[PDB]
$ cat structure08.txt   # compact mmCIF, C-alpha atoms
# COMPACT_ATOMS: atom_id res chain seq x y z
CA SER J 1454 23.69 -23.23 22.99
CA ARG J 1455 27.39 -22.32 23.27
CA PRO J 1456 29.17 -23.12 20.01
CA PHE J 1457 32.48 -24.87 20.15
CA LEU J 1458 35.30 -24.92 17.66
CA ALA J 1459 36.09 -28.68 17.68
CA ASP J 1460 39.62 -30.03 17.10
CA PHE J 1461 40.06 -33.65 15.86
CA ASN J 1462 43.30 -35.58 15.85
CA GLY J 1463 42.49 -38.55 13.59
CA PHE J 1464 41.18 -40.87 16.29
CA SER J 1465 38.61 -38.34 17.52
CA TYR J 1466 34.88 -38.08 16.91
CA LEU J 1467 31.69 -36.32 17.91
CA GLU J 1468 28.45 -38.19 18.15
CA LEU J 1469 25.29 -36.12 17.74
CA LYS J 1470 21.66 -37.11 17.31
CA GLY J 1471 21.07 -38.31 13.76
CA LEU J 1472 20.22 -36.04 10.92
CA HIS J 1473 16.63 -37.40 10.98
CA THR J 1474 16.21 -35.49 14.32
CA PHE J 1475 16.51 -32.08 12.70
CA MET J 1483 18.97 -31.87 2.11
CA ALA J 1484 21.29 -28.88 2.55
CA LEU J 1485 24.35 -29.13 4.76
CA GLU J 1486 27.21 -26.70 5.32
CA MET J 1487 30.52 -27.36 7.06
CA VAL J 1488 33.38 -24.96 7.80
CA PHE J 1489 36.68 -26.71 8.62
CA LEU J 1490 40.45 -26.42 8.51
CA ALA J 1491 42.40 -29.60 7.58
CA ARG J 1492 45.86 -30.52 8.82
CA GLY J 1493 45.77 -34.01 7.22
CA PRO J 1494 44.76 -34.59 3.59
CA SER J 1495 42.38 -37.57 4.24
CA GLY J 1496 39.72 -38.56 6.72
CA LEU J 1497 36.06 -38.73 7.62
CA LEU J 1498 34.21 -35.41 8.14
CA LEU J 1499 30.55 -36.47 8.42
CA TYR J 1500 28.70 -39.81 8.42
CA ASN J 1501 25.12 -40.89 9.07
CA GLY J 1502 23.74 -44.34 8.34
CA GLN J 1503 20.77 -46.65 8.48
CA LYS J 1504 22.38 -49.78 10.04
CA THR J 1505 25.79 -51.33 10.98
CA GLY J 1507 28.47 -52.64 6.12
CA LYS J 1508 25.37 -51.93 3.97
CA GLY J 1509 22.09 -49.94 4.20
CA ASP J 1510 21.55 -46.29 3.32
CA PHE J 1511 24.08 -43.60 4.34
CA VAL J 1512 25.35 -40.10 3.63
CA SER J 1513 28.98 -39.16 4.09
CA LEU J 1514 31.53 -36.40 3.56
CA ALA J 1515 35.24 -37.09 3.66
CA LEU J 1516 38.64 -35.86 2.55
CA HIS J 1517 40.62 -38.05 0.14
CA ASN J 1518 44.04 -36.66 -0.72
CA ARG J 1519 42.76 -33.10 -0.26
CA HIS J 1520 39.58 -33.66 -2.24
CA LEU J 1521 36.21 -33.42 -0.60
CA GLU J 1522 34.00 -36.35 -1.46
CA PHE J 1523 30.22 -36.40 -0.85
CA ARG J 1524 28.62 -39.81 -1.01
CA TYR J 1525 25.19 -41.24 -0.39
CA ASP J 1526 23.37 -44.55 -1.01
CA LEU J 1527 19.55 -44.52 -1.15
CA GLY J 1528 19.28 -48.26 -1.73
CA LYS J 1529 20.79 -48.80 -5.24
CA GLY J 1530 24.43 -47.89 -4.68
CA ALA J 1531 26.47 -44.80 -3.90
CA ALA J 1532 26.64 -41.42 -5.59
CA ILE J 1533 30.30 -40.22 -5.51
CA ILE J 1534 30.65 -36.43 -5.92
CA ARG J 1535 34.24 -35.18 -5.67
CA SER J 1536 35.51 -31.64 -5.44
CA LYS J 1537 37.04 -30.32 -8.62
CA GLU J 1538 40.07 -28.88 -6.79
CA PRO J 1539 42.13 -30.13 -3.89
CA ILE J 1540 41.82 -27.96 -0.77
CA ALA J 1541 44.80 -26.11 0.73
CA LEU J 1542 45.72 -27.61 4.08
CA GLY J 1543 45.89 -25.17 6.97
CA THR J 1544 43.17 -22.91 5.62
CA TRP J 1545 39.49 -22.44 6.43
CA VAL J 1546 37.24 -24.09 3.82
CA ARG J 1547 33.50 -23.81 3.41
CA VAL J 1548 31.69 -26.71 1.81
CA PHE J 1549 28.04 -27.00 0.83
CA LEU J 1550 26.23 -30.26 0.15
CA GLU J 1551 22.82 -30.49 -1.46
CA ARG J 1552 20.63 -33.44 -2.33
CA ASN J 1553 17.20 -33.54 -3.96
CA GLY J 1554 16.22 -37.17 -4.33
CA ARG J 1555 18.95 -38.93 -6.39
CA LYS J 1556 20.52 -35.65 -7.49
CA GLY J 1557 23.39 -34.15 -5.52
CA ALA J 1558 25.73 -31.16 -5.57
CA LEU J 1559 28.98 -30.29 -3.84
CA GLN J 1560 30.28 -26.71 -3.72
CA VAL J 1561 33.56 -25.61 -2.14
CA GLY J 1562 33.89 -21.93 -1.26
CA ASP J 1563 32.65 -19.79 -4.13
CA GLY J 1564 33.57 -22.38 -6.78
CA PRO J 1565 31.20 -23.93 -9.32
CA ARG J 1566 28.91 -26.72 -8.13
CA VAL J 1567 29.97 -30.27 -8.90
CA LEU J 1568 26.92 -32.41 -9.72
CA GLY J 1569 26.27 -36.16 -9.49
CA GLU J 1570 23.60 -38.77 -8.76
CA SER J 1571 22.91 -42.17 -7.28
CA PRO J 1572 21.39 -44.88 -9.56
CA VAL J 1573 17.78 -45.21 -10.57
CA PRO J 1574 15.02 -45.78 -9.04
CA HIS J 1575 15.68 -45.07 -5.32
CA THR J 1576 15.26 -41.39 -4.28
CA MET J 1577 14.92 -41.48 -0.49
CA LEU J 1578 17.45 -41.75 2.34
CA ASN J 1579 16.56 -43.81 5.41
CA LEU J 1580 18.71 -42.65 8.33
CA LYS J 1581 18.39 -44.25 11.81
CA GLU J 1582 21.89 -44.16 13.38
CA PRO J 1583 23.61 -41.22 15.15
CA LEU J 1584 25.42 -38.53 13.25
CA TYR J 1585 29.20 -38.82 13.41
CA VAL J 1586 31.38 -35.73 12.87
CA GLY J 1587 35.17 -35.78 12.46
CA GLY J 1588 35.52 -39.59 12.69
CA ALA J 1589 33.67 -42.60 14.06
CA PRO J 1590 34.02 -45.08 16.88
CA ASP J 1591 34.41 -48.18 14.64
CA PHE J 1592 35.18 -47.89 10.96
CA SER J 1593 34.04 -51.53 10.49
CA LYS J 1594 30.43 -50.56 11.28
CA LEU J 1595 30.30 -47.89 8.52
CA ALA J 1596 28.87 -48.56 5.05
CA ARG J 1597 31.52 -49.96 2.71
CA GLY J 1598 30.30 -47.56 0.06
CA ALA J 1599 31.46 -44.54 2.11
CA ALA J 1600 35.03 -45.58 1.30
CA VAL J 1601 36.50 -44.20 4.54
CA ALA J 1602 39.02 -45.74 6.95
CA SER J 1603 40.20 -42.88 9.20
CA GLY J 1604 39.09 -39.76 11.05
CA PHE J 1605 39.73 -36.12 10.38
CA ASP J 1606 42.88 -34.32 11.51
CA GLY J 1607 41.81 -30.72 11.79
CA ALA J 1608 39.21 -28.33 13.21
CA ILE J 1609 35.51 -27.92 12.49
CA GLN J 1610 33.84 -24.54 13.16
CA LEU J 1611 30.34 -25.13 11.75
CA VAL J 1612 28.00 -27.97 10.89
CA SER J 1613 24.57 -27.00 9.78
CA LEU J 1614 21.55 -28.73 8.42
CA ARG J 1615 19.14 -26.50 6.50
CA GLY J 1616 20.56 -23.49 8.34
CA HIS J 1617 20.23 -24.98 11.84
CA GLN J 1618 23.54 -25.08 13.67
CA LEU J 1619 24.50 -28.50 15.10
CA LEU J 1620 27.95 -27.78 16.56
CA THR J 1621 26.82 -26.55 19.99
CA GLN J 1622 27.28 -28.08 23.43
CA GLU J 1623 23.54 -28.96 23.65
CA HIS J 1624 23.76 -31.31 20.65
CA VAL J 1625 26.68 -33.51 21.76
CA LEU J 1626 25.88 -37.09 22.82
CA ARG J 1627 29.58 -37.99 23.05
CA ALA J 1628 32.92 -36.32 22.29
CA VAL J 1629 35.96 -38.61 22.15
CA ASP J 1630 39.38 -36.95 22.11
CA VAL J 1631 37.91 -33.68 20.86
CA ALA J 1632 39.70 -30.50 22.04
CA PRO J 1633 38.93 -26.79 21.66
CA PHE J 1634 40.95 -25.56 18.65
CA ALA J 1635 43.98 -23.48 19.72
CA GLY J 1636 46.45 -23.09 16.85
$ encode --input "structure08.txt" --output "structure tokens"
Amino acid sequence: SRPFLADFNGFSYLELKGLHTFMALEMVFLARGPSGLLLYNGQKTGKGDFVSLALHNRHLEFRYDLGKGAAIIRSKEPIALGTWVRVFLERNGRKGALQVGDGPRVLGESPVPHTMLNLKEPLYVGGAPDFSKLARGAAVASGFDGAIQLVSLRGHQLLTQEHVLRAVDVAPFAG
């Protein structure tokens, strides 16, 4: 159960067992690049259900598709690169919330009627092995350049050695 402070270089990723194995998610990270994939979990391999978190020009964006198209919930502020950021994601059926640090929650929702997320695939953190297999609705094309200190699901910590199925070009954070 040793935690590890994971460093991603843009073409890196961690593969963990899918979120279904273990919605409230917290991540603590420090970004060196303004865009890239932070978290992804899907149903299948360009459509089907998915949940994602990503950076897009310093904005966090939380997306999910429950069968009727994607919610897109974007941080109010851009993050400061080179700093430690805490982000909280919540979903209750269609309704979602994104909170960065101590800031106000940003709210959004996916379209009516679908309320339930069907995840089957592994959980990807910091990037993915093949961006062509990810849902088009996630709107991501690159991995994260930065470090991740924490990934938790409902308070359970996922970023420990025991959880890793595969780590590709992931280093211990130094700088």
$ residues_around --input "structure08.txt" --residues "residue J:1466" --least-positions-apart "2" --cutoff "8 Å" --atoms "all atoms listed in the file" --output "ChimeraX atom specification"
/J:1461,1464,1468,1585-1590,1604,1628-1631
$ residues_around --input "structure08.txt" --residues "residue J:1512" --least-positions-apart "3" --cutoff "9 Å" --atoms "all atoms listed in the file" --output "JSON, numbers by chain"
{"J": [1499, 1500, 1501, 1502, 1523, 1524, 1525, 1526, 1527, 1531, 1578, 1580, 1599]}
$ closest_residue --input "structure08.txt" --among "J:1509, J:1583, J:1562, J:1616" --to "residue J:1544" --atoms "only C-alpha atoms"
J:1562
$ residues_around --input "structure08.txt" --residues "residue J:1542" --least-positions-apart "6" --cutoff "9 Å" --atoms "all atoms listed in the file" --output "list in words"
residues 1490, 1491, 1492, 1493, 1494 and 1519 of chain J
$ atom_distance --input "structure08.txt" --atom1 "atom CA of residue J:1470" --atom2 "atom CA of residue J:1532"
23.8 Å
$ closest_residue --input "structure08.txt" --among "J:1606, J:1582, J:1522, J:1623" --to "residue J:1536" --atoms "all atoms listed in the file"
J:1522
$ atom_distance --input "structure08.txt" --atom1 "atom CA of residue J:1595" --atom2 "atom CA of residue J:1579"
14.7 Å
$ closest_residue --input "structure08.txt" --among "J:1568, J:1632, J:1546, J:1558" --to "residue J:1488" --atoms "all atoms listed in the file"
J:1546
$ residues_around --input "structure08.txt" --residues "residue J:1547" --least-positions-apart "6" --cutoff "10 Å" --atoms "all atoms listed in the file" --output "number ranges by chain"
J: 1486-1490, 1560-1563, 1610-1611
$ atom_distance --input "structure08.txt" --atom1 "atom CA of residue J:1514" --atom2 "atom CA of residue J:1575"
20.1 Å
$ residues_around --input "structure08.txt" --residues "residue J:1634" --least-positions-apart "2" --cutoff "6 Å" --atoms "only C-alpha atoms" --output "JSON list (two decimals) with C-alpha atoms, in the frame of the given file"
[["chain", "number", "residue", "atom", "x", "y", "z"],
["J", 1458, "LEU", "CA", 35.30, -24.92, 17.66],
["J", 1459, "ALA", "CA", 36.09, -28.68, 17.68],
["J", 1460, "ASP", "CA", 39.62, -30.03, 17.10]]
$ closest_residue --input "structure08.txt" --among "J:1485, J:1626, J:1601, J:1467" --to "residue J:1507" --atoms "all atoms listed in the file"
J:1601
